[PDB]
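What follows is the content of work.txt, which has compact mmCIF, C-alpha atoms:
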```txt
# COMPACT_ATOMS: atom_id res chain seq x y z
CA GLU Q 300 -28.24 55.49 56.42
CA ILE Q 301 -30.59 52.75 55.13
CA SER Q 302 -32.37 51.12 58.06
CA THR Q 303 -35.47 53.11 58.99
CA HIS Q 304 -36.79 53.91 62.45
CA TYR Q 305 -40.13 52.31 63.32
CA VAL Q 306 -41.41 55.67 64.63
CA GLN Q 307 -41.01 59.07 62.99
CA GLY Q 308 -39.36 62.00 64.76
CA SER Q 309 -36.85 59.82 66.61
CA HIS Q 310 -34.07 57.74 65.03
CA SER Q 311 -33.30 55.35 67.88
CA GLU Q 312 -31.31 52.25 66.94
CA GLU Q 313 -33.65 50.06 69.01
CA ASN Q 314 -36.56 51.09 66.73
CA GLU Q 315 -35.08 49.49 63.59
CA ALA Q 316 -38.07 48.83 61.30
CA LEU Q 317 -36.69 45.67 59.73
CA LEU Q 318 -38.62 43.38 57.41
CA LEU Q 319 -39.96 40.49 59.50
CA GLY Q 320 -40.95 37.07 58.22
CA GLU Q 321 -44.16 35.13 58.67
CA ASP Q 322 -42.76 33.30 61.70
CA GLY Q 323 -41.78 36.60 63.32
CA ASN Q 324 -38.03 36.69 62.78
CA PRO Q 325 -36.59 39.39 60.50
CA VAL Q 326 -35.91 38.45 56.89
CA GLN Q 327 -32.24 39.51 57.10
CA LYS Q 328 -30.87 40.52 60.50
CA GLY Q 329 -27.47 41.36 59.03
CA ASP Q 330 -23.93 40.27 59.84
CA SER Q 331 -20.78 42.14 60.84
CA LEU Q 332 -17.93 39.76 59.99
CA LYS Q 333 -19.88 39.02 56.83
CA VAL Q 334 -20.71 42.05 54.69
CA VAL Q 335 -24.42 41.29 54.16
CA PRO Q 336 -26.48 44.40 55.00
CA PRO Q 337 -29.64 44.17 57.12
CA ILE Q 338 -33.07 44.20 55.50
CA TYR Q 339 -35.49 46.98 56.44
CA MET Q 340 -39.18 47.65 56.02
CA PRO Q 341 -39.99 50.02 53.13
CA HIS Q 342 -40.34 53.69 54.02
CA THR Q 343 -44.05 54.55 54.00
CA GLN Q 344 -46.05 56.79 56.35
CA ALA Q 345 -49.36 56.70 54.45
CA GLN Q 346 -52.70 55.65 55.91
CA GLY Q 347 -53.57 52.00 56.46
CA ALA Q 348 -50.09 50.94 57.56
CA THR Q 349 -47.74 52.21 60.25
CA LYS Q 350 -45.78 55.43 59.77
CA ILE Q 351 -42.28 54.54 58.54
CA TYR Q 352 -39.83 57.44 58.25
CA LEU Q 353 -36.21 57.04 57.21
CA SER Q 354 -33.41 58.02 59.57
CA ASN Q 355 -32.44 61.69 59.39
CA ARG Q 356 -28.91 61.10 60.73
CA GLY Q 357 -27.59 59.59 57.49
CA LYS Q 358 -24.81 61.44 55.70
CA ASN Q 359 -24.16 61.69 51.94
CA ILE Q 360 -21.41 59.06 51.83
CA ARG Q 361 -23.42 56.10 50.54
CA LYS Q 362 -21.17 55.66 47.50
CA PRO Q 363 -17.85 55.50 49.43
CA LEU Q 364 -19.42 53.04 51.87
CA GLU Q 365 -20.57 50.86 48.97
CA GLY Q 366 -17.06 51.03 47.52
CA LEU Q 367 -15.52 50.02 50.84
CA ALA Q 368 -18.00 47.14 51.12
CA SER Q 369 -17.00 45.96 47.64
CA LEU Q 370 -13.31 46.22 48.56
CA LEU Q 371 -13.79 44.26 51.80
CA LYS Q 372 -15.03 41.20 49.88
CA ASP Q 373 -12.28 41.41 47.25
CA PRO Q 374 -9.76 38.55 47.71
CA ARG Q 375 -6.99 40.82 46.37
CA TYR Q 376 -6.92 42.90 49.59
CA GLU Q 377 -6.32 40.01 52.01
CA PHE Q 378 -2.92 41.45 52.93
CA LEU Q 379 -4.64 44.68 54.02
CA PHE Q 380 -8.04 43.86 55.51
CA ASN Q 381 -7.65 40.17 56.45
CA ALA Q 382 -4.13 39.72 57.81
CA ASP Q 383 -3.60 36.25 59.25
CA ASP Q 384 -2.42 37.08 62.78
CA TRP Q 385 -3.49 40.76 62.73
CA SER Q 386 -7.21 40.32 62.03
CA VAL Q 387 -9.21 42.60 64.33
CA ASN Q 388 -12.42 40.98 65.57
CA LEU Q 389 -15.59 42.82 66.61
CA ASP Q 390 -14.46 44.06 70.03
CA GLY Q 391 -11.01 45.22 68.89
CA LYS Q 392 -8.72 42.38 69.94
CA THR Q 393 -5.72 41.03 68.02
CA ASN Q 394 -3.96 37.69 68.31
CA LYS Q 395 -0.55 39.39 67.92
CA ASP Q 396 0.80 42.95 67.83
CA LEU Q 397 3.14 44.96 65.62
CA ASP Q 398 6.22 43.77 67.52
CA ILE O 200 -11.76 48.86 13.74
CA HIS O 201 -11.81 49.62 10.01
CA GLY O 202 -12.58 45.99 9.15
CA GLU O 203 -9.58 45.57 6.84
CA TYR O 204 -8.08 42.35 8.24
CA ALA O 205 -11.05 40.17 7.24
CA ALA O 206 -9.73 39.73 3.69
CA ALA O 207 -6.16 39.06 4.86
CA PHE O 208 -7.17 35.83 6.63
CA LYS O 209 -9.54 34.07 4.23
CA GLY O 210 -10.22 30.89 6.20
CA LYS O 211 -7.49 30.98 8.83
CA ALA O 212 -9.34 33.09 11.41
CA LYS O 213 -12.82 33.50 12.85
CA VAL O 214 -14.41 36.86 12.02
CA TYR O 215 -16.97 38.39 14.39
CA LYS O 216 -18.98 41.15 12.71
CA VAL O 217 -22.14 42.99 13.70
CA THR O 218 -24.15 42.09 10.56
CA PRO O 219 -23.02 38.70 9.20
CA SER O 220 -23.56 37.93 5.52
CA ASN O 221 -22.53 34.37 4.58
CA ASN O 222 -20.35 32.56 7.12
CA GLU O 223 -18.91 35.11 9.56
CA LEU O 224 -20.19 34.91 13.12
CA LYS O 225 -22.06 37.67 14.98
CA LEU O 226 -20.49 39.73 17.75
CA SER O 227 -22.68 39.40 20.84
CA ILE O 228 -21.92 41.02 24.20
CA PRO O 229 -24.68 40.24 26.72
CA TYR O 230 -25.61 43.16 28.95
CA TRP O 231 -25.71 41.07 32.13
CA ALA O 232 -22.02 40.21 31.64
CA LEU O 233 -21.16 43.85 32.36
CA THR O 234 -20.58 45.44 35.75
CA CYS O 235 -22.98 47.94 37.29
CA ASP O 236 -20.95 51.05 36.44
CA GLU O 237 -20.28 50.00 32.84
CA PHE O 238 -23.94 49.08 32.32
CA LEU O 239 -25.05 52.46 33.67
CA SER O 240 -22.52 54.28 31.48
CA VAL O 241 -23.53 52.44 28.31
CA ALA O 242 -27.32 52.35 28.84
CA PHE O 243 -28.53 55.26 31.00
CA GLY O 244 -25.86 57.81 30.08
CA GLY O 245 -24.36 58.18 33.54
CA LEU O 246 -26.99 58.84 36.19
CA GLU O 247 -25.71 60.51 39.35
CA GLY O 248 -28.74 61.17 41.59
CA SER O 249 -30.91 58.88 43.66
CA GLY O 250 -32.07 57.32 40.40
CA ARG O 251 -28.75 55.49 40.25
CA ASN O 252 -29.45 54.05 43.70
CA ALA O 253 -32.95 53.02 42.61
CA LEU O 254 -31.57 51.27 39.52
CA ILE O 255 -28.92 49.54 41.64
CA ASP O 256 -31.59 48.30 44.05
CA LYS O 257 -33.79 47.05 41.20
CA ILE O 258 -30.85 45.24 39.58
CA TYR O 259 -29.89 43.62 42.88
CA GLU O 260 -33.47 42.50 43.51
CA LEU O 261 -33.73 41.01 40.02
CA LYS O 262 -30.42 39.18 40.47
CA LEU O 263 -31.61 37.81 43.81
CA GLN O 264 -34.82 36.55 42.19
CA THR O 265 -32.82 34.93 39.38
CA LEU O 266 -30.57 33.19 41.91
CA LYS O 267 -33.64 32.00 43.81
CA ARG O 268 -35.22 30.54 40.67
CA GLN O 269 -32.07 29.04 39.11
CA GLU O 270 -29.32 27.22 40.99
CA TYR O 271 -25.79 28.59 40.62
CA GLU O 272 -22.60 27.03 41.94
CA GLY O 273 -20.99 28.59 45.00
CA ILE O 274 -23.29 31.64 45.02
CA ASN O 275 -25.77 32.34 47.82
CA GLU O 276 -27.77 35.30 49.12
CA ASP O 277 -24.83 36.22 51.37
CA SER O 278 -21.99 36.34 48.81
CA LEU O 279 -23.83 37.99 45.88
CA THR O 280 -22.75 41.51 44.96
CA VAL O 281 -24.17 43.76 42.25
CA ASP O 282 -21.25 43.05 39.90
CA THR O 283 -21.72 39.27 39.92
CA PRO O 284 -22.24 38.03 36.33
CA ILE O 285 -25.72 36.55 36.83
CA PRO O 286 -28.39 37.01 34.12
CA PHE O 287 -31.33 39.31 34.76
CA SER O 288 -34.15 40.61 32.58
CA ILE O 289 -33.86 44.19 31.34
CA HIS O 290 -37.36 44.31 29.84
CA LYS O 291 -38.91 43.44 33.21
CA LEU O 292 -36.75 46.08 34.91
CA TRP O 293 -37.85 48.80 32.49
CA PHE O 294 -41.49 47.70 32.63
CA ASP O 295 -41.61 47.78 36.43
CA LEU O 296 -39.70 51.03 36.85
CA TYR O 297 -41.79 52.78 34.19
CA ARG O 298 -45.22 51.43 35.16
CA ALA O 299 -44.39 52.57 38.70
CA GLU O 300 -44.27 56.16 37.40
CA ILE O 301 -47.13 56.77 34.92
CA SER O 302 -49.91 54.31 35.78
CA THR O 303 -52.54 55.46 38.28
CA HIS O 304 -53.91 53.65 41.32
CA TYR O 305 -57.66 53.07 41.57
CA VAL O 306 -57.70 54.01 45.28
CA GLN O 307 -56.18 57.16 46.77
CA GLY O 308 -53.76 57.08 49.68
CA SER O 309 -52.23 53.70 48.83
CA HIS O 310 -50.61 52.71 45.54
CA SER O 311 -50.90 48.92 45.67
CA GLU O 312 -50.13 47.13 42.41
CA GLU O 313 -53.47 45.31 42.65
CA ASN O 314 -55.35 48.64 42.43
CA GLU O 315 -54.17 49.55 38.92
CA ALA O 316 -56.67 51.92 37.29
CA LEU O 317 -56.25 50.87 33.68
CA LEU O 318 -58.63 52.53 31.23
CA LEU O 319 -61.03 49.78 30.17
CA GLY O 320 -62.62 49.58 26.74
CA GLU O 321 -66.29 49.65 25.82
CA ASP O 322 -66.49 45.84 25.77
CA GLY O 323 -64.90 45.70 29.23
CA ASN O 324 -61.37 44.60 28.42
CA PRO O 325 -58.61 47.19 28.94
CA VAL O 326 -57.66 49.26 25.91
CA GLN O 327 -53.91 48.67 26.35
CA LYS O 328 -52.89 46.21 29.06
CA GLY O 329 -49.26 46.62 28.03
CA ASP O 330 -46.52 44.16 27.12
CA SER O 331 -43.10 43.28 28.54
CA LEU O 332 -41.22 41.76 25.60
CA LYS O 333 -42.78 44.44 23.44
CA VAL O 334 -41.76 47.87 24.67
CA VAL O 335 -45.32 49.17 24.38
CA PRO O 336 -46.42 50.65 27.73
CA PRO O 337 -49.91 50.16 29.17
CA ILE O 338 -52.55 52.89 29.04
CA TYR O 339 -54.00 54.25 32.27
CA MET O 340 -57.02 56.30 33.24
CA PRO O 341 -56.55 60.07 33.66
CA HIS O 342 -55.62 61.41 37.08
CA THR O 343 -58.75 63.17 38.34
CA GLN O 344 -60.25 62.44 41.77
CA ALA O 345 -62.95 65.12 41.69
CA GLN O 346 -66.57 64.74 42.73
CA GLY O 347 -69.23 63.05 40.62
CA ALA O 348 -67.10 60.12 39.45
CA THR O 349 -64.76 57.65 41.13
CA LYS O 350 -61.63 59.05 42.79
CA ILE O 351 -58.44 57.95 41.02
CA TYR O 352 -55.04 59.04 42.34
CA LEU O 353 -51.70 59.02 40.52
CA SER O 354 -48.75 56.86 41.53
CA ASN O 355 -47.25 57.86 44.88
CA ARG O 356 -44.05 55.79 44.64
CA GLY O 357 -42.38 56.84 41.39
CA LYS O 358 -38.99 58.52 41.21
CA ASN O 359 -37.81 61.32 38.89
CA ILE O 360 -36.24 59.00 36.29
CA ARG O 361 -38.89 59.16 33.57
CA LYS O 362 -36.47 60.64 31.03
CA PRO O 363 -33.74 57.96 31.48
CA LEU O 364 -36.42 55.26 31.27
CA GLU O 365 -37.70 56.74 28.00
CA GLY O 366 -34.13 56.79 26.71
CA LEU O 367 -33.64 53.16 27.73
CA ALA O 368 -36.86 52.21 25.94
CA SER O 369 -35.70 54.02 22.80
CA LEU O 370 -32.40 52.12 22.98
CA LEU O 371 -34.29 48.85 23.48
CA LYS O 372 -36.34 49.46 20.32
CA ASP O 373 -33.20 50.43 18.37
CA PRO O 374 -32.01 47.67 15.99
CA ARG O 375 -28.45 49.00 16.33
CA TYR O 376 -28.08 47.66 19.90
CA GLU O 377 -29.01 44.03 19.21
CA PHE O 378 -25.47 42.90 20.07
CA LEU O 379 -26.15 44.11 23.64
CA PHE O 380 -29.87 43.79 24.33
CA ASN O 381 -30.97 41.04 21.91
CA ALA O 382 -27.98 38.70 21.73
CA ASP O 383 -28.48 35.55 19.66
CA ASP O 384 -28.40 32.83 22.33
CA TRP O 385 -27.78 34.87 25.51
CA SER O 386 -31.21 36.51 25.48
CA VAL O 387 -32.83 36.70 28.93
CA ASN O 388 -36.44 35.60 29.39
CA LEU O 389 -38.87 37.20 31.83
CA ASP O 390 -37.92 34.74 34.60
CA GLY O 391 -34.19 35.17 33.97
CA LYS O 392 -33.15 32.07 32.03
CA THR O 393 -30.93 32.01 28.94
CA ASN O 394 -30.32 29.38 26.28
CA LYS O 395 -26.57 29.30 27.03
CA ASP O 396 -24.10 30.67 29.59
CA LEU O 397 -20.89 32.71 29.50
CA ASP O 398 -18.73 29.59 29.13
CA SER I 499 16.13 60.63 32.65
CA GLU I 500 12.88 60.02 34.56
CA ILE I 501 14.35 60.16 38.08
CA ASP I 502 14.12 63.57 39.73
CA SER I 503 17.34 65.52 39.24
CA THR I 504 17.57 66.73 42.84
CA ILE I 505 17.17 63.19 44.21
CA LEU I 506 19.76 61.74 41.82
CA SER I 507 22.30 64.52 42.45
CA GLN I 508 22.47 63.63 46.16
CA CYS I 509 23.34 59.97 45.58
CA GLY I 510 26.73 59.18 47.08
CA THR I 511 27.89 56.58 44.54
CA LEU I 512 26.89 55.82 40.95
CA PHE I 513 27.19 52.49 39.12
CA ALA I 514 26.97 53.47 35.45
CA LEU I 515 26.56 50.38 33.28
CA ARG I 516 26.17 50.44 29.49
CA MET I 517 23.83 53.27 28.50
CA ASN I 518 22.42 53.48 24.99
CA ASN I 519 20.37 56.64 24.49
CA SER I 520 21.86 60.12 24.80
CA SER I 521 19.36 61.76 27.17
CA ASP I 522 20.15 59.33 29.99
CA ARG I 523 23.89 59.81 29.50
CA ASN I 524 23.46 63.59 29.58
CA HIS I 525 21.42 63.34 32.78
CA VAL I 526 24.03 61.11 34.42
CA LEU I 527 26.82 63.50 33.41
CA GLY I 528 24.83 66.40 34.83
CA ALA I 529 24.23 64.47 38.07
CA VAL I 530 27.89 63.70 38.88
CA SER I 531 30.49 65.86 40.63
CA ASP I 532 33.65 63.90 39.66
CA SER I 533 33.82 63.96 35.85
CA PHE I 534 36.74 62.56 33.86
CA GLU I 535 36.17 63.01 30.13
CA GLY I 536 37.96 59.80 29.15
CA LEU I 537 35.98 57.65 31.58
CA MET I 538 32.60 59.23 30.86
CA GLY I 539 33.13 59.02 27.10
CA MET I 540 33.16 55.21 27.23
CA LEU I 541 29.61 54.72 28.52
CA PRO I 542 27.83 53.51 25.33
CA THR I 543 30.56 50.90 24.67
CA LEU I 544 30.70 48.91 27.92
CA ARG I 545 30.69 45.13 27.88
CA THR I 546 27.95 43.04 29.48
CA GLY I 547 28.84 43.16 33.18
CA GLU I 548 31.31 46.05 33.32
CA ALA I 549 30.70 49.05 35.56
CA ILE I 550 32.10 52.52 36.27
CA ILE I 551 32.02 53.15 40.02
CA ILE I 552 31.96 56.90 40.70
CA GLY I 553 31.44 58.60 44.03
CA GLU I 554 32.82 59.08 47.53
CA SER I 555 33.04 55.33 48.25
CA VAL I 556 36.11 54.86 46.02
CA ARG I 557 39.52 56.49 45.78
CA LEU I 558 39.15 57.20 42.05
CA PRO I 559 36.52 56.70 39.36
CA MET I 560 37.35 53.26 38.04
CA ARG I 561 36.15 50.81 35.39
CA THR I 562 35.60 47.43 37.06
CA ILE I 563 34.35 43.97 36.17
CA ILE I 564 31.79 42.92 38.77
CA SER I 565 32.50 39.45 40.11
CA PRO I 566 29.88 37.00 38.81
CA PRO I 567 27.70 35.29 41.43
CA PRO I 568 28.20 31.58 42.15
CA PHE I 569 26.54 29.29 39.63
CA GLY I 570 22.94 28.45 40.44
CA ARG I 571 22.34 31.87 42.05
CA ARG I 572 21.15 34.13 39.22
CA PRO I 573 18.12 36.45 39.26
CA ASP I 574 15.29 35.19 37.06
CA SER I 575 11.63 36.14 36.84
CA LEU I 576 9.51 33.05 36.15
CA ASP I 577 7.46 34.67 33.41
CA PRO I 578 5.69 32.27 31.03
CA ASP I 579 7.77 30.90 28.15
CA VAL I 580 5.73 31.89 25.10
CA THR I 581 7.57 29.71 22.58
CA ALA I 582 7.44 26.59 24.76
CA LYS I 583 3.76 27.01 25.63
CA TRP I 584 2.76 27.76 22.03
CA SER I 585 4.83 24.89 20.59
CA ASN I 586 2.81 22.32 22.56
CA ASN I 587 0.00 20.43 20.87
CA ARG I 588 -3.49 21.72 21.64
CA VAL I 589 -5.80 19.78 23.96
CA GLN I 590 -9.56 19.86 24.43
CA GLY I 591 -10.58 22.59 26.85
CA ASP I 592 -13.08 22.80 29.70
CA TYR I 593 -14.25 26.35 30.41
CA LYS I 594 -16.98 25.45 32.91
CA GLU I 595 -14.27 25.30 35.58
CA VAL I 596 -12.94 28.68 34.44
CA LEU I 597 -16.41 30.21 34.66
```
Render the structure in this file as structure tokens.
Amino acid sequence: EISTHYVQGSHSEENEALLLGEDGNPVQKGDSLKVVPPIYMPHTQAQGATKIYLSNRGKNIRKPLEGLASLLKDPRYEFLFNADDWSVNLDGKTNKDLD
Amino acid sequence: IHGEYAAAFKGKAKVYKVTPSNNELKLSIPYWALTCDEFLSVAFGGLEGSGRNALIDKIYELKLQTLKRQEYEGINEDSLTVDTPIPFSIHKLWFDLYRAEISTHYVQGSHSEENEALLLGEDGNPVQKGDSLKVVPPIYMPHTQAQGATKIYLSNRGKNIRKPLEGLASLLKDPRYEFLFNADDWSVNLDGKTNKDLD
Amino acid sequence: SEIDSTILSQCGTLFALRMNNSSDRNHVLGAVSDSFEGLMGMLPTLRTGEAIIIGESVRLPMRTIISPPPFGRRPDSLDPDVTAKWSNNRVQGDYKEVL
């Protein structure tokens, strides 16, 4: 819903128009275990610069996603989202089960 | 609420009023100590459209700049949320978000900040360059890119939040909101640095 | 008086301790199927620890004295002791750590 495709018309994930640094690397690639969101190039399709059009697949649930992001970093929900032996990693694997 | 307990405790209790007279202190609640939702509810009157998202983004960017300029313990670019109590300038926020809506760019197509088409005076200097601490906004040339004269185009990046920004400016110039926007020692400079902290 | 009447009425056994207000006593009387006027008239004058066991788990409604637990095993919430904390002499604070 935020990251913009490098080319208009198509919203491919591989065309993420992120904000790159002087060296060439993006300013903020983004993390999954951490809740930092990725940085993206500003949406602008005017003359002079490349045509940047925002993704058209985004829904209207930005506020609930922001609320969930705030909740994820709250240390009062460790028992829910960060269980010791029941923490689900990226690929969906748990150290122990419900037994 | 009615201010009737001040006389009961003559010298046995600190009294925090809004307009001190002789020895009572002054109630001061800095605006940057609030959360995002409370700040929006008290200042902008409860925006609900994309203007709320724009204000959130501007606040987050200002907080990031303040963290970059001033060191803070245990806070980095990765663990900073919008609700973190970190000082940020409100005058700069209003100035940027308003000047990005009324001022005109000297070149059409692009609206770069270096192409500001400010109406210059007869001597050459601009008539009203504008001020940040003062709430006076800068004056800009009229939007007319017709033939005969130079082509000047209006801003192509502004949102639809001119009315809330005007309301915020009116609140900023109101002497009844000093306890929020012009606290005694917790005033925020343009670079985001206060005389004291929340401690 | 706040518990739902239907839920309370289906409870097998009641342990009616001392009850002060009248609404709760009326609700308890209306949520019992084995009513003896003499026993139920003694509710607001029960000693600290007495009970009136009523239900299908006893032969008769009966006024008992619950056996006290062994010494050293008594429920206690470790809430702050206001008088002890406030009676202590004040010391210089350091709110930078709190911030």
Using only C-alpha atoms, can you list as a PDB file with C-alpha atoms, in the frame of the given file the residues within 12 Å of (-44.5, 59.8, 59.9)?
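Contents of out-v8.pdb, as written:
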```
ATOM      1  CA  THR Q 303     -35.470  53.110  58.990  1.00  0.00           C
ATOM      2  CA  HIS Q 304     -36.790  53.910  62.450  1.00  0.00           C
ATOM      3  CA  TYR Q 305     -40.130  52.310  63.320  1.00  0.00           C
ATOM      4  CA  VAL Q 306     -41.410  55.670  64.630  1.00  0.00           C
ATOM      5  CA  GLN Q 307     -41.010  59.070  62.990  1.00  0.00           C
ATOM      6  CA  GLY Q 308     -39.360  62.000  64.760  1.00  0.00           C
ATOM      7  CA  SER Q 309     -36.850  59.820  66.610  1.00  0.00           C
ATOM      8  CA  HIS Q 310     -34.070  57.740  65.030  1.00  0.00           C
ATOM      9  CA  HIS Q 342     -40.340  53.690  54.020  1.00  0.00           C
ATOM     10  CA  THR Q 343     -44.050  54.550  54.000  1.00  0.00           C
ATOM     11  CA  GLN Q 344     -46.050  56.790  56.350  1.00  0.00           C
ATOM     12  CA  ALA Q 345     -49.360  56.700  54.450  1.00  0.00           C
ATOM     13  CA  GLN Q 346     -52.700  55.650  55.910  1.00  0.00           C
ATOM     14  CA  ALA Q 348     -50.090  50.940  57.560  1.00  0.00           C
ATOM     15  CA  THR Q 349     -47.740  52.210  60.250  1.00  0.00           C
ATOM     16  CA  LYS Q 350     -45.780  55.430  59.770  1.00  0.00           C
ATOM     17  CA  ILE Q 351     -42.280  54.540  58.540  1.00  0.00           C
ATOM     18  CA  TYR Q 352     -39.830  57.440  58.250  1.00  0.00           C
ATOM     19  CA  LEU Q 353     -36.210  57.040  57.210  1.00  0.00           C
ATOM     20  CA  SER Q 354     -33.410  58.020  59.570  1.00  0.00           C
TER      21      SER Q 354
END
```
**Prompt:** Between CA of residue 340 (chain Q) and CA of residue 319 (chain Q), what is the distance, to one decimal in Å?
**Reply:** 8.0 Å
**Message:** Residues within 12 Å of (-31.5, 44.6, 20.4), file coordinates, counting all atoms listed in the file: what are they? Give the list as a count of residues only.
**Reply:** 30
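Pairwise distance (CA of residue 318 (chain Q), CA of residue 302 (chain Q)) equals 10.0 Å.
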**Message:** What are the residues of chain O lining chain I at 10 Å or less? Count all atoms listed in the file, and put the answer as a ChimeraX atom specification.
**Reply:** /O:284,396-398
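The space separating CA of residue 511 (chain I) from CA of residue 547 (chain I) comes to 17.6 Å.
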**Request:** Hey, list the chain O side of the contact with chain Q: 9 Å cut-off, all atoms listed in the file, answer as an MDAnalysis selection string.
**Result:** chainID O and resid 276:280 308:309
Missing atoms in region 523-543 of chain I: fill them in up to N, CA and C atoms and send the result as a PDB file, in the coordinates of the input.
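Output file selection_5.pdb follows:
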```
ATOM      1  N   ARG I 523      22.484  59.503  29.291  1.00  0.00           N
ATOM      2  CA  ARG I 523      23.890  59.810  29.500  1.00  0.00           C
ATOM      3  C   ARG I 523      24.087  61.271  29.887  1.00  0.00           C
ATOM      4  N   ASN I 524      23.363  62.179  29.229  1.00  0.00           N
ATOM      5  CA  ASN I 524      23.460  63.590  29.580  1.00  0.00           C
ATOM      6  C   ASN I 524      22.994  63.837  31.005  1.00  0.00           C
ATOM      7  N   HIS I 525      21.903  63.186  31.413  1.00  0.00           N
ATOM      8  CA  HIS I 525      21.420  63.340  32.780  1.00  0.00           C
ATOM      9  C   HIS I 525      22.434  62.825  33.792  1.00  0.00           C
ATOM     10  N   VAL I 526      23.033  61.666  33.512  1.00  0.00           N
ATOM     11  CA  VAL I 526      24.030  61.110  34.420  1.00  0.00           C
ATOM     12  C   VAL I 526      25.240  62.028  34.520  1.00  0.00           C
ATOM     13  N   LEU I 527      25.699  62.564  33.386  1.00  0.00           N
ATOM     14  CA  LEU I 527      26.820  63.500  33.410  1.00  0.00           C
ATOM     15  C   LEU I 527      26.478  64.759  34.192  1.00  0.00           C
ATOM     16  N   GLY I 528      25.249  65.251  34.061  1.00  0.00           N
ATOM     17  CA  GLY I 528      24.830  66.400  34.830  1.00  0.00           C
ATOM     18  C   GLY I 528      24.531  66.118  36.286  1.00  0.00           C
ATOM     19  N   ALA I 529      24.484  64.847  36.683  1.00  0.00           N
ATOM     20  CA  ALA I 529      24.230  64.470  38.070  1.00  0.00           C
ATOM     21  C   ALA I 529      25.446  63.813  38.714  1.00  0.00           C
ATOM     22  N   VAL I 530      26.649  64.211  38.307  1.00  0.00           N
ATOM     23  CA  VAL I 530      27.890  63.700  38.880  1.00  0.00           C
ATOM     24  C   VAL I 530      28.827  64.869  39.133  1.00  0.00           C
ATOM     25  N   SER I 531      29.584  64.793  40.228  1.00  0.00           N
ATOM     26  CA  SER I 531      30.490  65.860  40.630  1.00  0.00           C
ATOM     27  C   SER I 531      31.958  65.517  40.421  1.00  0.00           C
ATOM     28  N   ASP I 532      32.269  64.322  39.920  1.00  0.00           N
ATOM     29  CA  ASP I 532      33.650  63.900  39.660  1.00  0.00           C
ATOM     30  C   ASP I 532      33.680  63.376  38.223  1.00  0.00           C
ATOM     31  N   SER I 533      33.908  64.275  37.271  1.00  0.00           N
ATOM     32  CA  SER I 533      33.820  63.960  35.850  1.00  0.00           C
ATOM     33  C   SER I 533      35.209  63.895  35.245  1.00  0.00           C
ATOM     34  N   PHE I 534      35.554  62.734  34.694  1.00  0.00           N
ATOM     35  CA  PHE I 534      36.740  62.560  33.860  1.00  0.00           C
ATOM     36  C   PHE I 534      36.268  62.271  32.445  1.00  0.00           C
ATOM     37  N   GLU I 535      36.706  63.093  31.489  1.00  0.00           N
ATOM     38  CA  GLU I 535      36.170  63.010  30.130  1.00  0.00           C
ATOM     39  C   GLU I 535      36.439  61.638  29.514  1.00  0.00           C
ATOM     40  N   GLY I 536      37.642  61.100  29.714  1.00  0.00           N
ATOM     41  CA  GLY I 536      37.960  59.800  29.150  1.00  0.00           C
ATOM     42  C   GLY I 536      37.069  58.694  29.683  1.00  0.00           C
ATOM     43  N   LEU I 537      36.826  58.685  30.995  1.00  0.00           N
ATOM     44  CA  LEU I 537      35.980  57.650  31.580  1.00  0.00           C
ATOM     45  C   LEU I 537      34.529  57.801  31.158  1.00  0.00           C
ATOM     46  N   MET I 538      34.007  59.028  31.180  1.00  0.00           N
ATOM     47  CA  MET I 538      32.600  59.230  30.860  1.00  0.00           C
ATOM     48  C   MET I 538      32.320  59.108  29.367  1.00  0.00           C
ATOM     49  N   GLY I 539      33.345  59.201  28.522  1.00  0.00           N
ATOM     50  CA  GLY I 539      33.130  59.020  27.100  1.00  0.00           C
ATOM     51  C   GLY I 539      32.990  57.582  26.654  1.00  0.00           C
ATOM     52  N   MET I 540      33.190  56.625  27.559  1.00  0.00           N
ATOM     53  CA  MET I 540      33.160  55.210  27.230  1.00  0.00           C
ATOM     54  C   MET I 540      31.847  54.540  27.604  1.00  0.00           C
ATOM     55  N   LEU I 541      30.846  55.312  28.022  1.00  0.00           N
ATOM     56  CA  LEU I 541      29.610  54.720  28.520  1.00  0.00           C
ATOM     57  C   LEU I 541      28.876  53.868  27.488  1.00  0.00           C
ATOM     58  N   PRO I 542      28.629  54.324  26.255  1.00  0.00           N
ATOM     59  CA  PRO I 542      27.830  53.510  25.330  1.00  0.00           C
ATOM     60  C   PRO I 542      28.558  52.303  24.756  1.00  0.00           C
ATOM     61  N   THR I 543      29.787  52.024  25.179  1.00  0.00           N
ATOM     62  CA  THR I 543      30.560  50.900  24.670  1.00  0.00           C
ATOM     63  C   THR I 543      31.127  50.065  25.804  1.00  0.00           C
TER      64      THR I 543
END
```
